[PDB]
Each structure stands twice: as structure tokens, then as C-alpha cells.
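I have placed the structure first, in the form of C-alpha cells, so that the comments after it can refer back to it.
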Amino acid sequence: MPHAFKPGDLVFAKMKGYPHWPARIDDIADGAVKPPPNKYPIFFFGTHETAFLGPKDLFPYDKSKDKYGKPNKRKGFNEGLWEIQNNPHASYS
Ligand SMILES: CN(CC(=O)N1CCCCC1)S(C)(=O)=O
């Protein structure tokens with residue numbers, strides 16, 4: 001059965017107005033800003049943006065890739081697909 005989300009989990013993350021987007025659950029570094037309660041820090045591949053999202057917007061990558069893992073014209077998306085497939089745990093700083 002599934003566990004709660006944890007840092008390093010890979011997902012497609014959904015934001016109003018954007019296609020389901022390759023992303024990961026990030027860690028929070030020592031001394032770094034924490035997310036609000038019930039929210040996770042989501043690192044979006046390709047754009048390298050962070051937003052705070054709850055589970056309703058997080059789709060596990062293995063289950064969802066056949067549906068959501070296809071090229072999109074949006075800035076940074078295809079770069080994102082390469083990152084999530086080829087080096088999802090690297091430093092993108
Ligand atoms: C987090 N993204 C949306 C977003 O806030 N923005 C898009 C990038 C420029 C700033 C505004 S995403 C899903 O990576 O496209």
C-alpha cells in the first residue's frame with residue numbers, strides 16, 4: 001500500500017493553468033523557509049521553480065507517466081521530462 005509523500009518522491013504536480021508537470025518532493029535545507037502546514041515543497045523540473053502544494057495536486061510519477069509524460073510546448077517542460085527520467089535526484093541549483 002502507499003505511504004505519505006516523502007522528500008525524493010517523483011510526481012507530476014498540477015498547478016491551475018499549467019499541464020501536469022514533472023517534479024519532485026524536495027527536502028528543506030537547514031535554515032531554509034519551511035512550507036505552510038499540510039503543504040510540501042515541490043521542485044518543478046525544467047523550470048527549476050519551487051511551489052508549495054498539497055497531495056491533491058501530486059500524482060505519483062510511475063502510475064502517471066504514460067498519461068502525462070509527453071512533450072508539451074510550454075517553456076521548460078521538455079527539459080523537465082529529461083530531468084525526471086535521467087537525473088531526478090541531482091542538484092539543479
Ligand atoms: C511552477 N510553474 C508555474 C509558475 O508559477 N510559473 C511558471 C514559470 C515562471 C513563473 C511562474 S511551472 C508548473 O513549473 O510552470
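Labels for the C-alpha cells follow display order: chains A, B, ..., residues from 1 in each chain, ligands from 1.
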
Practice prompt. Could you give me the residues within 7 Å of ligand 1, counting only C-alpha atoms and all ligand atoms, as a list in words?
Written response: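 These are the residues that qualify: residues 14, 15, 18, 21, 44, 47, 48, 49, 50 and 51 of chain A.
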
Discussion item. When you look at range 29-40 of chain A with a cut-off of 6 Å (counting only C-alpha atoms), what residues show up, excluding the ones that are within fewer than 5 positions of it in the same chain? I need them as a ChimeraX atom specification.
Written reply: /A:52-54

Based on the selection just made, write N, CA and C atoms of those residues as an mmCIF file, in the first residue's frame.
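Okay, result35.cif is ready:
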data_model
loop_
_atom_site.group_PDB
_atom_site.id
_atom_site.type_symbol
_atom_site.label_atom_id
_atom_site.label_comp_id
_atom_site.auth_asym_id
_atom_site.auth_seq_id
_atom_site.Cartn_x
_atom_site.Cartn_y
_atom_site.Cartn_z
ATOM 1 N N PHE A 52 4.533 25.419 -3.186
ATOM 2 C CA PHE A 52 4.113 24.586 -2.081
ATOM 3 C C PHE A 52 2.759 24.020 -2.444
ATOM 4 N N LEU A 53 2.644 22.687 -2.405
ATOM 5 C CA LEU A 53 1.408 22.075 -2.873
ATOM 6 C C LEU A 53 1.002 20.982 -1.897
ATOM 7 N N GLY A 54 -0.324 20.684 -1.885
ATOM 8 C CA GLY A 54 -0.793 19.552 -1.099
ATOM 9 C C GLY A 54 -0.996 18.341 -2.014
#

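Backbone DSSP over chain A yields strand (DSSP E or B) at residues 10, 11, 12, 13, 21, 22, 23, 24, 25, 40, 41, 42, 43, 44, 50, 51, 52, 53, 58, 59 and 60 of chain A.
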
Discussion item. With only C-alpha atoms as the counted atoms, please give the residues lying no more than 6 Å from range 78-93 of chain A, apart from itself and same-chain residues fewer than 6 positions off, as a PyMOL selection string.
Written reply: chain A and resi 22+45-46+71

The selected residues should be written to file as a PDB file, in the first residue's frame (atoms: N, CA, C and O atoms).
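Contents of out.pdb, freshly written:
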ATOM      1  N   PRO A  22       6.383  17.537 -14.588  1.00  0.00           N
ATOM      2  CA  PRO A  22       7.365  16.682 -13.887  1.00  0.00           C
ATOM      3  C   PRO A  22       8.008  17.404 -12.704  1.00  0.00           C
ATOM      4  O   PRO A  22       8.426  18.548 -12.808  1.00  0.00           O
ATOM      5  N   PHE A  45      10.787  20.268 -12.397  1.00  0.00           N
ATOM      6  CA  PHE A  45      11.889  20.060 -13.312  1.00  0.00           C
ATOM      7  C   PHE A  45      11.764  21.013 -14.508  1.00  0.00           C
ATOM      8  O   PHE A  45      10.651  21.417 -14.879  1.00  0.00           O
ATOM      9  N   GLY A  46      12.917  21.306 -15.113  1.00  0.00           N
ATOM     10  CA  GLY A  46      12.958  22.113 -16.325  1.00  0.00           C
ATOM     11  C   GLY A  46      12.914  23.605 -16.001  1.00  0.00           C
ATOM     12  O   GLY A  46      13.884  24.300 -16.277  1.00  0.00           O
ATOM     13  N   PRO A  71       5.715  15.283 -24.627  1.00  0.00           N
ATOM     14  CA  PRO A  71       6.167  16.655 -24.885  1.00  0.00           C
ATOM     15  C   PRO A  71       5.044  17.674 -24.896  1.00  0.00           C
ATOM     16  O   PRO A  71       3.929  17.377 -25.316  1.00  0.00           O
TER      17      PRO A  71
END

Worksheet item: Which is closer to residue 67 in chain A than all the others in A:19, A:27, A:42, A:55, using only C-alpha atoms?
Response: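 Among the listed residues, the smallest separation from residue 67 in chain A belongs to A:19.
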
Discussion item. Using only C-alpha atoms for the distances, tell me which of A:43, A:77, A:24, A:10 is nearest to residue 60 in chain A.
Written reply: A:10

Worksheet item: In Å, how far is it from CA of residue 26 in chain A to CA of residue 5 in chain A?
Response: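 Taking CA of residue 26 in chain A and CA of residue 5 in chain A, their separation equals 10.4 Å.
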
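Rounded to one decimal, CA of residue 56 in chain A and CA of residue 69 in chain A lie 18.8 Å from each other.
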
For the structure I just gave you, how does DSSP split range 8-75 of chain A - specifically, which residues are alpha helix (DSSP H)? Reply as a PDB file with N, CA, C and O atoms, in the first residue's frame.
ATOM      1  N   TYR A  61       4.742   9.520 -10.034  1.00  0.00           N
ATOM      2  CA  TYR A  61       5.264   9.528 -11.397  1.00  0.00           C
ATOM      3  C   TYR A  61       5.113   8.164 -12.091  1.00  0.00           C
ATOM      4  O   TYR A  61       4.708   8.139 -13.251  1.00  0.00           O
ATOM      5  N   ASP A  62       5.339   7.061 -11.369  1.00  0.00           N
ATOM      6  CA  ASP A  62       5.318   5.756 -12.024  1.00  0.00           C
ATOM      7  C   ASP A  62       3.914   5.472 -12.564  1.00  0.00           C
ATOM      8  O   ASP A  62       3.770   5.184 -13.754  1.00  0.00           O
ATOM      9  N   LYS A  63       2.889   5.640 -11.710  1.00  0.00           N
ATOM     10  CA  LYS A  63       1.491   5.468 -12.113  1.00  0.00           C
ATOM     11  C   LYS A  63       1.079   6.398 -13.262  1.00  0.00           C
ATOM     12  O   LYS A  63       0.292   5.996 -14.144  1.00  0.00           O
ATOM     13  N   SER A  64       1.621   7.635 -13.318  1.00  0.00           N
ATOM     14  CA  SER A  64       1.086   8.705 -14.146  1.00  0.00           C
ATOM     15  C   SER A  64       1.861   8.979 -15.431  1.00  0.00           C
ATOM     16  O   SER A  64       1.392   9.773 -16.251  1.00  0.00           O
ATOM     17  N   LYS A  65       3.049   8.375 -15.607  1.00  0.00           N
ATOM     18  CA  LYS A  65       3.929   8.820 -16.693  1.00  0.00           C
ATOM     19  C   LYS A  65       3.371   8.515 -18.087  1.00  0.00           C
ATOM     20  O   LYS A  65       3.515   9.327 -19.005  1.00  0.00           O
ATOM     21  N   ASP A  66       2.712   7.361 -18.248  1.00  0.00           N
ATOM     22  CA  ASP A  66       2.121   7.043 -19.543  1.00  0.00           C
ATOM     23  C   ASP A  66       1.142   8.144 -19.969  1.00  0.00           C
ATOM     24  O   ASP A  66       1.080   8.501 -21.143  1.00  0.00           O
ATOM     25  N   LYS A  67       0.405   8.728 -19.009  1.00  0.00           N
ATOM     26  CA  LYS A  67      -0.583   9.735 -19.328  1.00  0.00           C
ATOM     27  C   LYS A  67       0.030  11.114 -19.513  1.00  0.00           C
ATOM     28  O   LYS A  67      -0.420  11.870 -20.384  1.00  0.00           O
ATOM     29  N   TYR A  68       0.989  11.474 -18.649  1.00  0.00           N
ATOM     30  CA  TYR A  68       1.378  12.877 -18.529  1.00  0.00           C
ATOM     31  C   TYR A  68       2.786  13.147 -19.056  1.00  0.00           C
ATOM     32  O   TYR A  68       3.155  14.307 -19.259  1.00  0.00           O
TER      33      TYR A  68
END

Fill in: Residue among A:2, A:28, A:20, A:41 lying closest to residue 70 in chain A, counting only C-alpha atoms
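Among the listed residues, A:20 lies closest to residue 70 in chain A.
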